[PDB]
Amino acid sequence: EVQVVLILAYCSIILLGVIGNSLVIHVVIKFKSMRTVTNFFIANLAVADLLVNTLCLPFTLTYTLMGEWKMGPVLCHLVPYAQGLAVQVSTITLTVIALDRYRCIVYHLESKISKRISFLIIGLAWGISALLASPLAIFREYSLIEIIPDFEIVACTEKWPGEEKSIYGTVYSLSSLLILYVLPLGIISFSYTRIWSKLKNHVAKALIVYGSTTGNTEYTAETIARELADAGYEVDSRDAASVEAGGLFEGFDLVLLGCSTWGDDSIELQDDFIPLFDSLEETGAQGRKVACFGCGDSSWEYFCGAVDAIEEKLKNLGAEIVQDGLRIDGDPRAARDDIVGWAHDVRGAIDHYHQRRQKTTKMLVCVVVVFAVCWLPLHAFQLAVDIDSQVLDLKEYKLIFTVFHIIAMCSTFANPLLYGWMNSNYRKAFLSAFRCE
């Protein structure tokens, strides 16, 4: 029985996709751990596929099983619009995800796009796509057709301006297939192809900038630097005395800033570091992974105060602090163990940002591949049987377009499963919501 095999094919999508896509909206909101720019697009994808599992797929089912459109004529226009609207916001949202990642990976940053521009791009996407899919809403027609003398039956189909003029309906079905399926899958493919080699054959680059008056922080910096070199980093030591602040951090995966503490009844930085601190906003620090060390003397009121001062400025500038600062007491040669320890801890933290990157990059690639393969049938169809215009095999054809349409609807419910399976901070977040309910 074909009607029942499509009964549960369409609703398990509805159910797998409402619960699935409701968890993604929820956890990105309830957990500040999860509020990132990438997850806001991921929740935007989720909100696009929720609009399809609850609005479209429910009324689609009943128009397929019964065969008669039993809802209003307003919905006959709106459900095809709400369906086209979703695939465009999805395609725009995935294309933004791929480019943003590519940009963070060349600038060696943890954010390029701000959390407040990301809301503005999410707006344009719904705005630009609500305009691009309005032909889907206007060129629908509500009227009667009787297959045989069944006394009530009404269908819902597309009607393009001419009585036999097919051209408006194909260029739309060719430009949109072009500008919104092979163009954005072209861009996405290009980005992840570059990103992938990048992530595979990169060497980490470290900048060490210290300020040192009698050589203690300088000795500490040489000691850090010998462990990061032994760890496969390409290390770059610069005395603060010899640099200028503009663009100083650009290109580096890791910046360590070392400074000794000075001053009289107040904290002062080491003297060569003052100009770098006064100009720290021109260095490229937002999104940059940093850490801080310094030499001090626990006799003083604020032991290694300069570290705190720098850590707070870097934090104000929106930099991503990666360890708590290292504060050496006395002669750093007598503290070599504490220093080499610290350096090993910084290295491990960088390995986790790098690993978190690879893991999330490969989940994002699975999402697009499961998107493009699932839309491949329907669009193959759409391209073929919109240059042909001869398909009266509708005992097969209508089934061909539905079973093709069911595949594409799997791109809705699939996304929460990939997150839970292939991303451990999602896995834990879903199970941390099903544990407070």
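Don't overthink the numbering: it's just position in the shown sequence, from 1.
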(message) Regarding 122-130 and 347-355, which shows the higher C-alpha temperature factor on average in the entry?
(response) 122-130
(request) Give the stretch, out of 398-406 and 38-46, with the larger mean C-alpha temperature factor in the deposited entry. (result) 398-406
(request) From the list 334, 321, 155, 255, select the residue with the highest C-alpha B factor recorded in the entry. (result) 155
(message) If I read the C-alpha B-factors straight from the PDB entry, which of 270, 217, 176, 111 is highest?
(response) 176
(request) Quick one: classify residue 283 as lowest, middle or highest third of the chain based on its Cα B-factor. (result) lowest
(request) Going by the recorded CA B-factors, say which third of the chain residue 83 sits in, lowest, middle or highest. (result) highest
(request) Among all modelled residues of this chain, ranked by Cα B factor, put residue 145 in the bottom, middle or top third, i.e. lowest, middle or highest. (result) highest
(message) Sorting by Cα B-factor within the chain, modelled residues only, which third would residue 212 end up in: lowest, middle or highest?
(response) lowest
(request) Would you check the entry's CA temperature factor for residue 163 and let me know if it's in the chain's lowest, middle or highest third? (result) highest
